[PDB]
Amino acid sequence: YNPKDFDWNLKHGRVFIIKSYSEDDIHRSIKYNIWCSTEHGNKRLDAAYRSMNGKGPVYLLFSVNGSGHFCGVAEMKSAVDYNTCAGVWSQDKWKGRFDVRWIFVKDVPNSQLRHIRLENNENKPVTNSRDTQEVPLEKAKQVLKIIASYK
């Protein structure tokens, strides 16, 4: 993980915040390369992945609720299958699955990112985002640069 020469200067693609309920979900996701969001979240991610048609990346910026930091970045690697076993995740009723590839696995404090605001979310700091909040590409570049470079 954690490449030294990640290209954060995106000219294509879409980027979303993922708010994880538990660090347990992060460990599971890293180990099995899958993720699951809420129904609404899964649908929003599915549409974005399919839209791209493989001609650009869908990035996911992960942060555990209440942690006050981001914990990594993954790329979405499949459409979602809604037809799955329940109880794979910390919210045990959740069904659905898509593949992810983890790129960054590292903790980056919200203090480093909080000055980036999302004009599509009433100009709120990116660090106050809810699950599956999409990020304007020009702001996503700034976040990816900080996460890549943070020591």
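We number the residues from 1 along the sequence you see.
* 135-143 versus 6-14 - which carries the larger mean C-alpha B factor in the record -> Comparing averages over the C-alpha atoms only gives 6-14.
* To do: Select one of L61, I34, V126, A47: the residue whose C-alpha shows the highest B-factor in the crystal structure entry.
  => That would be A47.
* To do: Comparing against every modelled residue in the chain, figure out the third that the C-alpha B-factor of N121 lands in (lowest, middle or highest).
  => It falls in the middle third of the chain.
* **B-factor third for the C-alpha atom of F70 within its chain** => For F70, whose C-alpha B-factor we compare with every modelled residue in the chain, the answer is the middle third.
* Third of the chain, ranked by Cα B-factor, where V105 sits -> Highest third, going by the recorded CA B-factors of the chain.
* Ranked against its chain, the third holding the CA B-factor of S29 -> As the PDB entry reports it, the C-alpha B-factor of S29 lands in the lowest third of its chain.
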